[PDB]
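Visitor: Okay, handing you the structure first.
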Amino acid sequence: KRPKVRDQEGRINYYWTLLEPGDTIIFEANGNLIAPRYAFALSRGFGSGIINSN
Amino acid sequence: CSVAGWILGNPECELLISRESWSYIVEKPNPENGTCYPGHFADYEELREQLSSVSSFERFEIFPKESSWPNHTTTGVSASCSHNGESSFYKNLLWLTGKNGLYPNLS
Amino acid sequence: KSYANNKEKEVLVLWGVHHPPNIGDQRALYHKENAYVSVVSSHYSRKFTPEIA
């Protein structure tokens with residue numbers, strides 16, 4: 001039991017990973033899996049960032 | 001919405017789905033439309049660092065909804081994550097529940 | 001047990017988990033072969049288990 005937040009008491013823990021090219025990922029589960037539907041093909045280039053502004 | 005909400009596909013900001021290339025990301029100082037379902041985002045700051053150096057990405061169906069889980073029901077909606085009032089869920093994740101009273105193992 | 005923060009300032013909470021030297025101390029102090037401790041909060045969740053050795 002956990003404190004109530006946003007009209008929900010159960011909590012989902014979010015995890016992520018980076019698959020290198022030419023590699024395989026395997027999901028095994030018998031319960032409590034929030035499976036992926038969309039992945040992202042990252043193209044890396046210098047000269048960016050995240051800023052906070054109004 | 002924040003980087004977590006953008007990357008998980010928060011139901012209440014889908015206008016960023018179309019965008020694929022950028023020069024920099026602008027986030028509100030105190031974002032409010034983040035992870036709708038409460039919980040912990042593992043290595044959130046590391047993911048922000050990784051996304052600080054991506055010029056573009058392509059969104060693809062890692063596991064197609066229509067033809068990947070025939071032994072499970074892939075329709076799970078939360079009251080917390082509600083689009084236009086109607087309950088919904090993240091656009092990049094699937095909540096899986098037992099079908100016919102059974103939850104088979106998946107690999 | 002539980003405690004809600006009502007002091008409006010950050011509160012440092014210190015606790016511990018005991019590992020008895022042998023199974024005998026585990027079954028005498030607590031009368032239980034295996035034990036579990038779970039400390040949870042809004043943004044900190046952990047489950048400790050005895051490591052008898």
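Chain labels A, B, ... are given in the sequence in which chains occur in the structure tokens; within each chain residues are numbered consecutively from 1, and ligands are likewise numbered from 1 in the order shown.
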As a ChimeraX atom specification, please: every residue in chain B that a backbone DSSP assignment puts in strand (DSSP E or B).
Guide: /B:21,25-27,41,54-61,72-73,78-83,86-88,93-95,97-99,102,106
Visitor: Since we have the selection now, will you write its residues out, keeping N, CA and C atoms, as an mmCIF file, in the first residue's frame?
Guide:
data_model
loop_
_atom_site.group_PDB
_atom_site.id
_atom_site.type_symbol
_atom_site.label_atom_id
_atom_site.label_comp_id
_atom_site.auth_asym_id
_atom_site.auth_seq_id
_atom_site.Cartn_x
_atom_site.Cartn_y
_atom_site.Cartn_z
ATOM 1 N N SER B 21 12.881 16.074 -35.973
ATOM 2 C CA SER B 21 14.177 16.730 -36.002
ATOM 3 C C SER B 21 14.091 18.038 -35.237
ATOM 4 N N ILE B 25 15.826 21.262 -27.249
ATOM 5 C CA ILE B 25 14.560 20.963 -26.595
ATOM 6 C C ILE B 25 14.312 22.007 -25.520
ATOM 7 N N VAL B 26 13.081 22.501 -25.463
ATOM 8 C CA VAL B 26 12.669 23.504 -24.495
ATOM 9 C C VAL B 26 11.624 22.873 -23.594
ATOM 10 N N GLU B 27 11.883 22.890 -22.294
ATOM 11 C CA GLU B 27 11.005 22.290 -21.305
ATOM 12 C C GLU B 27 10.641 23.341 -20.268
ATOM 13 N N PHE B 41 10.928 6.600 -12.513
ATOM 14 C CA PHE B 41 11.567 6.512 -13.818
ATOM 15 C C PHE B 41 13.054 6.273 -13.601
ATOM 16 N N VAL B 54 20.822 13.896 -29.372
ATOM 17 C CA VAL B 54 20.187 13.228 -30.500
ATOM 18 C C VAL B 54 19.598 14.297 -31.407
ATOM 19 N N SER B 55 20.021 14.296 -32.669
ATOM 20 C CA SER B 55 19.495 15.270 -33.619
ATOM 21 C C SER B 55 18.103 14.882 -34.094
ATOM 22 N N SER B 56 17.862 13.586 -34.265
ATOM 23 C CA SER B 56 16.578 13.082 -34.724
ATOM 24 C C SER B 56 16.465 11.622 -34.317
ATOM 25 N N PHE B 57 15.233 11.124 -34.284
ATOM 26 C CA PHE B 57 15.008 9.693 -34.179
ATOM 27 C C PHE B 57 13.782 9.313 -34.991
ATOM 28 N N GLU B 58 13.662 8.018 -35.261
ATOM 29 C CA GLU B 58 12.522 7.456 -35.966
ATOM 30 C C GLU B 58 11.731 6.574 -35.015
ATOM 31 N N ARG B 59 10.432 6.826 -34.924
ATOM 32 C CA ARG B 59 9.538 6.048 -34.079
ATOM 33 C C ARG B 59 9.005 4.864 -34.874
ATOM 34 N N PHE B 60 9.272 3.652 -34.398
ATOM 35 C CA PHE B 60 8.825 2.452 -35.086
ATOM 36 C C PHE B 60 8.161 1.486 -34.116
ATOM 37 N N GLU B 61 7.292 0.641 -34.666
ATOM 38 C CA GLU B 61 6.551 -0.363 -33.905
ATOM 39 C C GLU B 61 7.503 -1.447 -33.431
ATOM 40 N N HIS B 72 -2.946 -12.433 -24.957
ATOM 41 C CA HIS B 72 -3.199 -11.449 -23.917
ATOM 42 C C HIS B 72 -4.111 -10.362 -24.461
ATOM 43 N N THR B 73 -4.832 -9.700 -23.559
ATOM 44 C CA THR B 73 -5.669 -8.565 -23.925
ATOM 45 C C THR B 73 -4.884 -7.275 -23.710
ATOM 46 N N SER B 78 -6.262 3.843 -17.689
ATOM 47 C CA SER B 78 -6.261 4.336 -16.323
ATOM 48 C C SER B 78 -7.059 5.629 -16.230
ATOM 49 N N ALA B 79 -7.695 5.829 -15.076
ATOM 50 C CA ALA B 79 -8.388 7.085 -14.833
ATOM 51 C C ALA B 79 -7.409 8.247 -14.747
ATOM 52 N N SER B 80 -6.188 7.990 -14.273
ATOM 53 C CA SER B 80 -5.181 9.042 -14.212
ATOM 54 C C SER B 80 -4.819 9.541 -15.603
ATOM 55 N N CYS B 81 -4.621 8.628 -16.545
ATOM 56 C CA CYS B 81 -4.247 8.980 -17.912
ATOM 57 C C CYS B 81 -5.515 8.947 -18.756
ATOM 58 N N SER B 82 -6.177 10.097 -18.853
ATOM 59 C CA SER B 82 -7.437 10.223 -19.571
ATOM 60 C C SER B 82 -7.318 11.314 -20.622
ATOM 61 N N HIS B 83 -7.610 10.961 -21.868
ATOM 62 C CA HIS B 83 -7.608 11.902 -22.977
ATOM 63 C C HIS B 83 -9.046 12.281 -23.299
ATOM 64 N N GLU B 86 -12.110 10.556 -21.583
ATOM 65 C CA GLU B 86 -12.079 9.107 -21.713
ATOM 66 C C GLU B 86 -10.737 8.559 -21.245
ATOM 67 N N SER B 87 -10.788 7.481 -20.465
ATOM 68 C CA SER B 87 -9.568 6.891 -19.932
ATOM 69 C C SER B 87 -8.708 6.337 -21.058
ATOM 70 N N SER B 88 -7.396 6.452 -20.892
ATOM 71 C CA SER B 88 -6.447 6.041 -21.917
ATOM 72 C C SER B 88 -5.173 5.575 -21.221
ATOM 73 N N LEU B 93 3.368 2.414 -24.694
ATOM 74 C CA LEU B 93 3.363 1.270 -23.798
ATOM 75 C C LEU B 93 2.011 0.574 -23.853
ATOM 76 N N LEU B 94 2.021 -0.720 -23.551
ATOM 77 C CA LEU B 94 0.827 -1.550 -23.559
ATOM 78 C C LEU B 94 0.663 -2.227 -22.208
ATOM 79 N N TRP B 95 -0.520 -2.100 -21.624
ATOM 80 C CA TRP B 95 -0.870 -2.805 -20.401
ATOM 81 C C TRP B 95 -1.535 -4.120 -20.765
ATOM 82 N N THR B 97 -3.314 -7.788 -19.779
ATOM 83 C CA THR B 97 -4.151 -8.439 -18.786
ATOM 84 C C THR B 97 -4.483 -9.846 -19.266
ATOM 85 N N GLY B 98 -4.892 -10.694 -18.328
ATOM 86 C CA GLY B 98 -5.232 -12.057 -18.687
ATOM 87 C C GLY B 98 -6.446 -12.109 -19.597
ATOM 88 N N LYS B 99 -6.403 -13.026 -20.556
ATOM 89 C CA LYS B 99 -7.518 -13.302 -21.447
ATOM 90 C C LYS B 99 -8.098 -14.661 -21.090
ATOM 91 N N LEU B 102 -6.866 -16.484 -17.966
ATOM 92 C CA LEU B 102 -5.511 -17.010 -17.949
ATOM 93 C C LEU B 102 -4.543 -15.941 -18.429
ATOM 94 N N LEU B 106 4.906 -15.079 -21.459
ATOM 95 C CA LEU B 106 5.303 -14.478 -22.720
ATOM 96 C C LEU B 106 6.813 -14.329 -22.765
#
Visitor: When you look at residue 96 (chain B) with a cut-off of 8 Å (counting only C-alpha atoms), what residues show up, excluding the ones that are within fewer than 6 positions of it in the same chain? I need them as a list in words.
Guide: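 Near neighbours after the sequence-gap exclusion: residues 32, 33, 34 and 35 of chain A; 72, 73, 74, 75 and 76 of chain B.
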Visitor: Hey, which bits of chain A sit within 7 Å of chain B, and for each residue what's the closest pair of atoms and how far apart in Å (one decimal), counting only C-alpha atoms, rows by chain and increasing number, as JSON lines?
Guide:
{"residue": "A:5", "atom": "CA", "partner": "B:38", "partner_atom": "CA", "distance": 6.6}
{"residue": "A:6", "atom": "CA", "partner": "B:80", "partner_atom": "CA", "distance": 5.9}
{"residue": "A:7", "atom": "CA", "partner": "B:80", "partner_atom": "CA", "distance": 6.0}
{"residue": "A:8", "atom": "CA", "partner": "B:80", "partner_atom": "CA", "distance": 6.8}
{"residue": "A:11", "atom": "CA", "partner": "B:39", "partner_atom": "CA", "distance": 4.8}
{"residue": "A:12", "atom": "CA", "partner": "B:39", "partner_atom": "CA", "distance": 4.8}
{"residue": "A:13", "atom": "CA", "partner": "B:40", "partner_atom": "CA", "distance": 4.8}
{"residue": "A:14", "atom": "CA", "partner": "B:41", "partner_atom": "CA", "distance": 4.7}
{"residue": "A:15", "atom": "CA", "partner": "B:42", "partner_atom": "CA", "distance": 5.3}
{"residue": "A:26", "atom": "CA", "partner": "B:107", "partner_atom": "CA", "distance": 6.9}
{"residue": "A:27", "atom": "CA", "partner": "B:107", "partner_atom": "CA", "distance": 5.5}
{"residue": "A:28", "atom": "CA", "partner": "B:107", "partner_atom": "CA", "distance": 4.3}
{"residue": "A:29", "atom": "CA", "partner": "B:106", "partner_atom": "CA", "distance": 5.5}
{"residue": "A:30", "atom": "CA", "partner": "B:105", "partner_atom": "CA", "distance": 4.5}
{"residue": "A:33", "atom": "CA", "partner": "B:96", "partner_atom": "CA", "distance": 6.8}
{"residue": "A:34", "atom": "CA", "partner": "B:95", "partner_atom": "CA", "distance": 4.9}
{"residue": "A:35", "atom": "CA", "partner": "B:94", "partner_atom": "CA", "distance": 5.1}
{"residue": "A:36", "atom": "CA", "partner": "B:93", "partner_atom": "CA", "distance": 4.7}
{"residue": "A:37", "atom": "CA", "partner": "B:92", "partner_atom": "CA", "distance": 4.9}
{"residue": "A:38", "atom": "CA", "partner": "B:61", "partner_atom": "CA", "distance": 4.8}
{"residue": "A:39", "atom": "CA", "partner": "B:62", "partner_atom": "CA", "distance": 5.5}
{"residue": "A:40", "atom": "CA", "partner": "B:59", "partner_atom": "CA", "distance": 4.8}
{"residue": "A:41", "atom": "CA", "partner": "B:57", "partner_atom": "CA", "distance": 4.9}
{"residue": "A:42", "atom": "CA", "partner": "B:57", "partner_atom": "CA", "distance": 4.5}
{"residue": "A:43", "atom": "CA", "partner": "B:56", "partner_atom": "CA", "distance": 5.4}
{"residue": "A:44", "atom": "CA", "partner": "B:54", "partner_atom": "CA", "distance": 4.3}
{"residue": "A:45", "atom": "CA", "partner": "B:55", "partner_atom": "CA", "distance": 5.2}
{"residue": "A:46", "atom": "CA", "partner": "B:53", "partner_atom": "CA", "distance": 5.7}
{"residue": "A:48", "atom": "CA", "partner": "B:24", "partner_atom": "CA", "distance": 5.0}
{"residue": "A:49", "atom": "CA", "partner": "B:52", "partner_atom": "CA", "distance": 4.3}
{"residue": "A:50", "atom": "CA", "partner": "B:25", "partner_atom": "CA", "distance": 4.7}
{"residue": "A:51", "atom": "CA", "partner": "B:26", "partner_atom": "CA", "distance": 5.1}
{"residue": "A:52", "atom": "CA", "partner": "B:27", "partner_atom": "CA", "distance": 5.0}
{"residue": "A:53", "atom": "CA", "partner": "B:28", "partner_atom": "CA", "distance": 6.3}
{"residue": "A:54", "atom": "CA", "partner": "B:28", "partner_atom": "CA", "distance": 6.9}
Visitor: Quick check, in Å to one decimal: how far apart do CA of residue 46 (chain B) and CA of residue 1 (chain B) lie?
Guide: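 Going from CA of residue 46 (chain B) over to CA of residue 1 (chain B) covers 18.3 Å.
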Visitor: Write down, as a PyMOL selection string, each residue of chain C that has any atom within 9 Å of an atom of chain B, counting only C-alpha atoms.
Guide: chain C and resi 42-44
Visitor: Quick one: write out the picked residues with N, CA and C atoms as a short mmCIF file (atom, residue, chain, number, x, y, z; two decimals), in the first residue's frame?
Guide:
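Result went into out-v2.cif, see below:
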data_model
loop_
_atom_site.label_atom_id
_atom_site.label_comp_id
_atom_site.auth_asym_id
_atom_site.auth_seq_id
_atom_site.Cartn_x
_atom_site.Cartn_y
_atom_site.Cartn_z
N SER C 42 6.86 8.02 -1.06
CA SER C 42 6.42 8.54 -2.35
C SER C 42 7.43 8.23 -3.45
N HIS C 43 8.73 8.37 -3.15
CA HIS C 43 9.74 8.22 -4.19
C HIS C 43 10.94 7.42 -3.71
N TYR C 44 10.74 6.51 -2.76
CA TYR C 44 11.82 5.65 -2.28
C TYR C 44 11.20 4.34 -1.82
#
Visitor: Tell me the residues of chain C close to chain A, meaning within 10 Å using only C-alpha atoms, as a PDB file with N, CA and C atoms, in the first residue's frame.
Guide:
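Output file selection28.pdb follows:
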ATOM      1  N   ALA C   4       3.506  10.631   8.525  1.00  0.00           N
ATOM      2  CA  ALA C   4       3.278  11.658   7.519  1.00  0.00           C
ATOM      3  C   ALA C   4       4.042  12.917   7.903  1.00  0.00           C
ATOM      4  N   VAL C  40       8.892   1.978   2.252  1.00  0.00           N
ATOM      5  CA  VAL C  40       8.362   2.601   1.049  1.00  0.00           C
ATOM      6  C   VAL C  40       7.928   4.022   1.370  1.00  0.00           C
ATOM      7  N   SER C  41       7.931   4.866   0.347  1.00  0.00           N
ATOM      8  CA  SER C  41       7.507   6.251   0.479  1.00  0.00           C
ATOM      9  C   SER C  41       6.985   6.705  -0.879  1.00  0.00           C
ATOM     10  N   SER C  42       6.861   8.020  -1.063  1.00  0.00           N
ATOM     11  CA  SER C  42       6.424   8.541  -2.352  1.00  0.00           C
ATOM     12  C   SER C  42       7.435   8.230  -3.448  1.00  0.00           C
ATOM     13  N   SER C  45      11.520   3.253  -2.499  1.00  0.00           N
ATOM     14  CA  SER C  45      10.965   1.945  -2.187  1.00  0.00           C
ATOM     15  C   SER C  45      12.096   0.938  -2.123  1.00  0.00           C
TER      16      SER C  45
END
Visitor: Can you measure CA of residue 35 (chain C) to CA of residue 23 (chain C) for me? One decimal in Å is fine.
Guide: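 These two atoms are separated by 11.6 Å.
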Visitor: At what distance in Å, to one decimal, does CA of residue 45 (chain B) lie from CA of residue 23 (chain A)?
Guide: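 Spanning CA of residue 23 (chain A) to CA of residue 45 (chain B) is a straight-line distance of 24.6 Å.
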Visitor: Could you go through chain C and tell me which residues DSSP, when run on the backbone, assigns to alpha helix (DSSP H), listing them as a count of residues only?
Guide: 7
